[PDB]
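A single chain, nothing else alongside it, follows as structure tokens in the form deposited in one PDB entry.
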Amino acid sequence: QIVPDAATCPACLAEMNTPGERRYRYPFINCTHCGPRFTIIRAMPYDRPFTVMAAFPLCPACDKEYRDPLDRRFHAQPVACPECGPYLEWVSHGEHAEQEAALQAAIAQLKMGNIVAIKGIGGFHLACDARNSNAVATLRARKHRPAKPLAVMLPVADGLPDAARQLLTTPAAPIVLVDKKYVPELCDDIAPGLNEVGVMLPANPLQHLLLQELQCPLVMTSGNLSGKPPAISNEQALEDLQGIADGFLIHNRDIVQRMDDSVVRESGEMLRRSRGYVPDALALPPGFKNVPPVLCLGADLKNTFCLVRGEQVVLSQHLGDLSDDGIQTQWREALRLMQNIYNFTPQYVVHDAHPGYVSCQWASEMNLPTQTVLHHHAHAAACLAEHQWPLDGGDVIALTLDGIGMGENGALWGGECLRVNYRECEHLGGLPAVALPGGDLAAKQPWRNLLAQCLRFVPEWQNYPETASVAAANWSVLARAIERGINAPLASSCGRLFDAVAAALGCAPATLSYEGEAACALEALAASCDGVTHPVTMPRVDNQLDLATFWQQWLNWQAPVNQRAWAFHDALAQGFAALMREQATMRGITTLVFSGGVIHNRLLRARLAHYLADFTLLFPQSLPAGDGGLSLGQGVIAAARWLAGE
């Protein structure tokens, strides 16, 4: 049984910090309890010759420890020391150093406020002093990343809440999102416009050496070029990051598996499940047994695949956007190793009903029976599965809130009330479908969604101060395209409604730099309001929320921006609660399910829970509410259909 890549243990950290130890300051120290696992395995069985370490014959002292049954390094497969192992290399515009001198060059660069690329366990990071405004502005400039929050590595967890420290210090060593007020040392460009910062602890020997020396917070963000997957080879890091890093601290131990840092909230809520969790299998819910080998492809964004068999499922690491340049290489290596580990050969493939997906094209190429699952069905089913809802558990009413997923009959969904079981999804209602003006541009430019909302719902929309920029434009050409259905498909998208409101409030740039940016801004703004008496509502007309009434009341309720943002979250939750309550009570359903990336919104969760105290409420916690949990939902649905003899 292989275990996830594990944070350097206290015993290895002590050995590395003890002068006179053969492994004193050795940046590759590991033992049977810690070190890289999944990221250094070429093939099963887990044995040095089938790892990245086959290239490094052990010296006699290492070999004795590896063979000694009582030694902490007994069969530590990637074991090494300075004599026989990998070593550091420094590269910087015609400078070169090795070993300790390489480390020191990287340290000197970081202190002067430069950016260094650092080789990690599962890829490379870009690092700089997180207190240094200039360094962080430079990193943002070079990476064309003006807003997206940067992960920061702290030397210690001191000063953080108990819950954060506990998560930070596990073998998994995730990034943990923490209120930025706990970390005043960070410059303001770490998470601009947001209330939280992703903090992490050193969890490999190199990181410990760096933070021990530096004693300050360090930006520790993914070493990628935008639109590409992270580099895993030195040669790819050097190419990809040349415009960005001032120098490169690399080494000659290969990484074979892309494995990003995991990301959780302090509350324990899973956002991205990679390093430290993969490749642990999970038990399927009660009633799922003897399941055939099923490969589930997930969806195109925030991708994970899932292998289902027997009574367990195993999810891949996060693979990101499947449209990125050469992402198939990493996706396929992950699939090869995962199938090798679990001796798995699929008999069935499951993928999303969206016919334009890359993953769906990959599924067509496998020579296996294929079946599709609706995106929002899979969201709801992943949440059910996580909560161990039995195979014969009964129907729930589900609320699935996201950006875009293909619904029934070619409709674009994103804000739906559904009657769900593992085998069935019936659409009951939700948000009205509203045009996406300019198609893919709608997700990048919030004003487009405000325009689309106003055209549909707001008489004399041009007269409100909140629509001024849109009104000033020649918006009428777009209005014409919307009318004629020219690259303006209808979507009942909760994400785009967020964007429209954010556009009206001016709390995001006119053009976004990352997906979800306007919605994150709006949530961060609403979060500073502790609740307010307000008249804004979203009534229900049939089984849809009445946005005409919402816009009329919201646009005409002047108040501080945070309270306007709060009132929107509150009205949206109340409106969806009323829909779900009617649907569930009249079917004798007592349990409600929530999923989709928008359900990551804390305030919405809280308002929903507030309004729905008369129901058992199921929210995602150990898998992402977003597309990262989707493959699991596809897998339980396929399994349930198979178990029913369909």
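Residue numbers here begin at 1 and follow the sequence given.
Comparing 21 to 29 with 5 to 13, the stretch with the higher mean C-alpha B-factor in the PDB entry is 21 to 29. When the C-alpha B-factors of 502 to 510 and 235 to 243 are averaged, 235 to 243 comes out higher.
Ranking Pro286, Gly438, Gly198, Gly531 by Cα temperature factor from the entry places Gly531 first.
Across the residues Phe56, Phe615, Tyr611, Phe38, the deposited record lists the maximum Cα B factor for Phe56. Among the modelled residues of its chain, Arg272 has a C-alpha B-factor that falls in the middle third according to the deposited record.
In this PDB entry, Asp179 carries a Cα temperature factor that places it within the middle third of its chain's modelled residues.
Sorting the modelled residues of the chain by their CA temperature factor places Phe457 in the middle third. In this PDB entry, the Cα temperature factor of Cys62 sits in the top third of its chain's modelled residues, the highest group. Among the modelled residues of the chain, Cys34 sits in the middle third by CA temperature factor in this PDB entry.
Keep in mind that the form solved in complex with a small molecule is not shown, yet the notes after this line are about it.
Only one segment in the set 75 to 83, 542 to 550, 102 to 110, 510 to 518 has residues whose heavy atoms sit within 4.5 Å of the small molecule in the deposited complex; it is 510 to 518. This chain lacks the partner; the member of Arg496, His377, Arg275, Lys119 within 4.5 angstroms of the small molecule in the deposited complex by a non-hydrogen atom is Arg496. Comment: the small molecule is not present in this chain, but in the deposited complex one of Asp189, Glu386, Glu523, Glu266 has a heavy atom within 4.5 Å of it, namely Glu523.
Taking non-hydrogen atoms only, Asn601 approaches the small molecule to within 4.5 angstroms in the deposited complex. Contact check for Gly35: no non-hydrogen atom falls within 4.5 Å of the small molecule in the deposited complex.
At least one heavy atom of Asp402 is located within 4.5 Å of the small molecule in the deposited complex. The closest heavy atom approach of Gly597 to the small molecule in the deposited complex falls within 4.5 Å.
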